[PDB]
Ligand SMILES: Cc1ncc(C[n+]2c([C@](O)(CO)[C@@H](O)[C@H](O)COP(=O)(O)O)sc(CCOP(=O)(O)OP(=O)(O)O)c2C)c(N)n1
Ligand SMILES: Cc1ncc(C[n+]2c([C@](O)(CO)[C@@H](O)[C@H](O)COP(=O)(O)O)sc(CCOP(=O)(O)OP(=O)(O)O)c2C)c(N)n1
Ligand SMILES: [Ca+2]
Ligand SMILES: [Ca+2]
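If you want it as structure tokens, here you go:
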């Protein structure tokens, strides 16, 4: 078959699958089919029979609405994605969801759909390869050596996140990153000139990319020459400007916004078959075409060669090889649990009243020698977030390092870290002030959706930060994280809860963990062995009374100290009170019914929540017959101690609100 | 005095105020003082006696941590910002908060601090000036003619939002936008070359900006020449690459990250006074320096000249002049309330089962002829969000238009719209799929913080959107909006609630309004006159029983129909059931307690919330002894009908959960 005929197989499967689903996006798959045929058949290093091969090239579809493009490629090249699944495109529980999802489907590297985040993930995968190669490669043993290829469109280019990640990719001279721009002149509103007029080549040159202009995206020879040129440039990431026609093949819809996002229709599909010379019925592919598309034999051979290379590496570097295998699997060091518990116990036995941002740094310092897989960073706030430990080494200084200066790029940072976690070999941590999680919000959600391990270090968590004022002072951000499916959120009250939360985060294999950390010093609380162990259960009894409590305080983070003081005052006056520390609502909710009842007994309705965050959240635990000492407004610019006074975070006010509540209950 | 001495007054006030507060950022004010002296003294058209003058130039400090720069400028030029306020920098309830805040302080145009958003706001202000000029100017009567000036640093440049808004500014040929880049080579982590290496000038030329390279930011002559050149280029926004030294004047801290964000210290301040040759004590400014800085006389002359121009315009164009005054004040047409109510009443009398995204478009169509101040748009989703009406005219085609194609730029769109609202003259609406509010989240927050009127049209609100799947299907986004201070959030259940929500949004004078709208068709509910009037109260009794209810359903948006169906089944069994429609929790919460008690009586604890969004929100209204039929997970890719079934949005499940409570 000709290269065009082979590319047309993608066009047919894509338009036909969209038609059967009566839903989906045929335009981009039809526009990019020739580029995909060249990349996948001539260049991509992969094994369909082992999608987890450590040294495979990584491909990312950033314009993820063109999902049938990747499903066609995976099916045709011999991945475990049967034709029946393509016939079930966009149907419940199929392996072919409307936008591609990692874990759902053999060979899908990341979940896309939100424009711009795919290219960010690809930048992270390229950083991971570069860093892992520098750490593990040895003379005569280059066990890490693979490319990262990304497809992206106008939407990804317009999004601000593309600026963040492609700027940083230039700085880091990511020579194994090669991106293909689907330059088709069309977006949803129509011809892009009305809203998008960048000289995109000049923009990427400004970032230090190697740009290849004016590629005929429908000419295999032109595409191939461009890819070869990009592969020859080892010191810059490359952008291939591929001029394509959206919906290529459709006489009446090619080059129009109509082809972007809806079924072509049966009449137009018939006309498209005629234009393309594609004779086969929907979901029919002849054996001859499979023979040319299949990658099982080449894939086997390439992986077998790599396995032999790895075996030789293991002979010469046994400890390094064991570390490589452990880290690629995401497994923890065998002695980590014991060593982390020893650290936690030491902290409980040796009180220190320090900011939880500092307690976080101390945990990084303690874990750093144990977790060489750390690849950590901050969005230009290293001296504020406290993300550097004594063994930190920035990768812009030494490629074998373990730290990334992300610059003022919160969204880019977080989506890059998603790419790092997806790659394998590393445990990423990222950091900014909690407020600026709002800049990165959808990337945080994507880590949770993709079930990725990433520790998110969010400092300066409340009005406790003081003078910087209401644009910086979080109020409603923690509640936003708490209600995010599969997110874990910890607001530790002292250095001990901080270390427990850090341990929980690094050991959490199936989702991310956000640490909500203070600028200001936090009092250490006293704990029995049982209470110490109970921190990890998310919510636990910290102070108690004999018999049923009349009153339960529920507090988090910096406000536990305040709740304990109120508990002491009320106790001295003969009130039967309890304090529950709730460092993680999500972990508490995951405990069984009996444990939750032991902490928040259903009989006790006089419940007082205390937290310098939005009050409305706390109805979940206090119900309609309690009280909340929280925030209901934005903050103010002033010294923190005056803000806590102003907003009612005082012993006198907490005691007054508790007594007021009890008075209401009694009458 | 020399220009350097005049600029040094800013340096002294800034380092001294930071020192007294033991908090703040002296570096950028000291680095930018010479640029500020040239811009403010030689070019800026403003009146300190009236910071609200309609035709003033707008200045924006995008690198807002350098707040003492703007406070120094406002004080020195004669705004109502006394020295005592500068001595109360960063102190409770002062007019000098740590980052500048619009409303707090005479002359502050916007609230900055979140990097990148200032330049976005400035792009919005320049769009507003260009559009207002095209709408209102007439031959011989150019009543709108002013510049938008912005200062910005490396942080703003690194942020993605700068790419979004500066790209669009190039497309729109904003020739009266002039930005100054504080090119000082330093950020918090240290020397920027480790993380920021863009050829920024080349980048901005790629956007179609006019770029002036290699300006000596400490030389008045160099700066002045560059501003003149930028003002001569009328068809492109301009970027001035100003090479500066952060903390300029400090022998030991200039050019270091140390000067960025902390007091210099007493010893270093003494050395700085020596290096600068500044002989005045903290908070001492001599009369000669005030005399050269003060702008009261020139400002009043310029505004008076403009007032005379406006009076002549009003004689020639009385209807247009009245519209200008109304729109600049943000006032609504006197008959808008009556006309909108007439539209709402018509919808209730003429039922239609349509998507609330379509009901939204219909409200835009109804209101369009009444609100010429609309400046609306969508982030590349016009045919999906349904933001065009018959009178929409895109400003890239017709400068006097009322519609913006924002491109795939949610964050930039929203912060641009903040600039549009801050400018005066317009009522902006913006739009994208609800999920992608997450891309714009901090700009949404900033609209609320700044008390700005903007209608945010968020369609495709739930699993009801169907096949696009969990990356697109909102679950927890509405809950996040609901707990945002000063945000109004409406999730209408039909075309009637949709029009009421739109009316509420445009009539807000002090904050934004998010509309939570469906992809799929929603059934219209029957309403009495009292129920119809009570939609605007945010929560109301839609279906009832005789006497005290035994069971109350609380539902929103697309789930009201489901709750009504459950109510009908239980009513037939003889349960005293009620359905409450809760289109807006914030509007409900603001009602008097007697009204709230009439809808959700305190004695009735058997409450079932029904909404295709995160369950945890609803404890606010159901407490610990109710039930919630909600989402607790991400969505899935499948047809909407099958998703609603899969996730428990069925009559059987709603009835079963209700029967558990009873
Ligand atoms: C961050 C972000 N913003 C907007 C979108 C929306 N959007 C996207 C989608 O959501 C697909 O992913 C929509 O096509 C929805 O499926 C439409 O839903 P219905 O109207 O059928 O209900 S795609 C997109 C335009 C992308 O333009 P491109 O130039 O990137 O792509 P192409 O040349 O058209 O291949 C835009 C603007 C997104 N996916 N991500
Ligand atoms: C969207 C966003 N991200 C990060 C920041 C943090 N940030 C900022 C601030 O927040 C000031 O606004 C911090 O200086 C905090 O005051 C520090 O708090 P503490 O450590 O004293 O507790 S400024 C900034 C770096 C800006 O670099 P630039 O090059 O823009 O500014 P300059 O040359 O240093 O004038 C960076 C990175 C921000 N303001 N906005
Ligand atoms: Ca396109
Ligand atoms: Ca700087």
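Residue numbers (the authors' numbering), protein chains in the order written: chain B, 2 to 668; chain A, 2 to 663.
Built from N, CA and C at the ideal position, the CB exists for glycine as well.
Closest in alpha carbon position to residue 124(B), among 417(B), 117(B), 201(B), 148(B), is 417(B).
DSSP, read as helix, strand or coil, puts residue 375(B) in strand. Under the three-state reduction of DSSP, residue 505(A) is assigned to helix. Contacts between residue 395(B) and chain A, judged by CB atoms closer than 8 Å, involve 195 in chain order.
Close CB contacts of residue 380(B) within its chain, under the 8 Å cut and outside five residues either way in sequence, are with 407, 408, 409, 410, 411, 414, 431, 432, 433, 437 (chain order).
Counting C-beta pairs with one atom in each stretch, the stretch 491 to 506 of chain B and the stretch 347 to 362 of chain B have three or more that are closer than 8 Å, which means they touch. Residue range 211 to 217 is occupied by the beta strand (DSSP E) that includes residue 211(A), with no alpha helix (DSSP H) assigned at that position. In this structure, DSSP gives residue 110(B) a state outside helix and strand, which the three-state scheme calls coil.
By a beta-carbon distance limit of 8 Å, residue 400(B) does not contact residue 525(B). Their separation comes to about 40 Å.
For residue 242(A), the closest of 259(A), 224(A), 283(A) by C-alpha to C-alpha distance is 224(A). The beta carbon of residue 487(B) sits closer than 6 Å to the beta carbons of 449, 512 from its chain, once the five residues preceding and following it are set aside; these are given in chain order. In the structure shown, residue 142(B) falls within a strand segment according to DSSP collapsed to helix, strand and coil. Under the 8 Å criterion on CB atoms, residue 554(B) is classed as non-interfacial with respect to chain A.
With contacts defined by Cβ atoms closer than 8 Å, residue 30(A) and residue 69(A) form a contacting pair. For residue 338(A), the number of other beta carbons within 10 angstroms of its own is below 16, and it is reported as exposed.
Pairing residue 396(A) with residue 333(A), the inter-Cα distance amounts to about 23 Å. Taking CB atoms only, residue 28(B) has no neighbour in chain A less than 8 Å away.
Put simply, the backbone Cα of residue 198(B) is about 40 Å away from that of residue 462(B).
In this chain, the beta strand (DSSP E) harbouring residue 555(B) covers 552 to 556. When C-beta distances to chain A are compared with 9 Å, the residues of the stretch 200 to 221 of chain B below that value are 200, 201, 202, 203, 204, 205, 206, 207, 208, 209, in chain order.
Membership of residue 77(A) in the alpha helix (DSSP H) is indicated by the continuous run 68 to 78.
Taken from the Cβ of residue 188(A), at least one heavy atom of ligand 2 lies inside 7 Å.
Going by C-alpha positions, residue 278(A) is about 52 Å away from residue 653(B). With a cut-off of 7 Å, the C-beta of residue 185(A) is classified as near ligand 4, since at least one heavy atom of the ligand falls inside that distance. Contact annotation: the stretch 91 to 107 of chain B touches the stretch 64 to 83 of chain B, with at least three C-beta pairs closer than 8 Å. Close to chain B, meaning a Cβ-Cβ distance shorter than 9 Å, are the following residues of the stretch 406 to 427 of chain A: 406, 407, 408, 409, 410, 411, 412, 413. When the beta-carbon positions are compared, residue 586(A) and residue 514(A) stay at least 8 Å from each other. For residue 184(A), the enclosing beta strand (DSSP E) stretches over residues 178 to 184. A distance below 7 Å between beta-carbons, with the five flanking residues on each side excluded, links residue 310(A) to the following residues of its chain, in chain order: 144.
Interface flag for residue 164(B) against chain A is set, since a Cβ pair is found closer than 8 Å.
Our two residues, residue 120(A) and residue 424(A), have alpha carbons roughly 14 Å apart in a direct line.
Within chain A, no residue has its beta carbon less than 7 Å from that of residue 343(B); the closest one is some 33 Å off. Between the stretch 538 to 547 of chain B and the stretch 592 to 601 of chain B there are three or more C-beta pairs closer than 8 Å, enough to call the two in contact. Residue 623(A) and residue 350(A) have their alpha carbons spaced roughly 33 Å apart.
Neighbours of residue 17(A) across chain B, judged by C-beta separation under 8 Å, do not exist; the nearest C-beta is about 16 Å away. Residue contact check for residue 472(B) against chain A: a CB pair falls below 8 Å.
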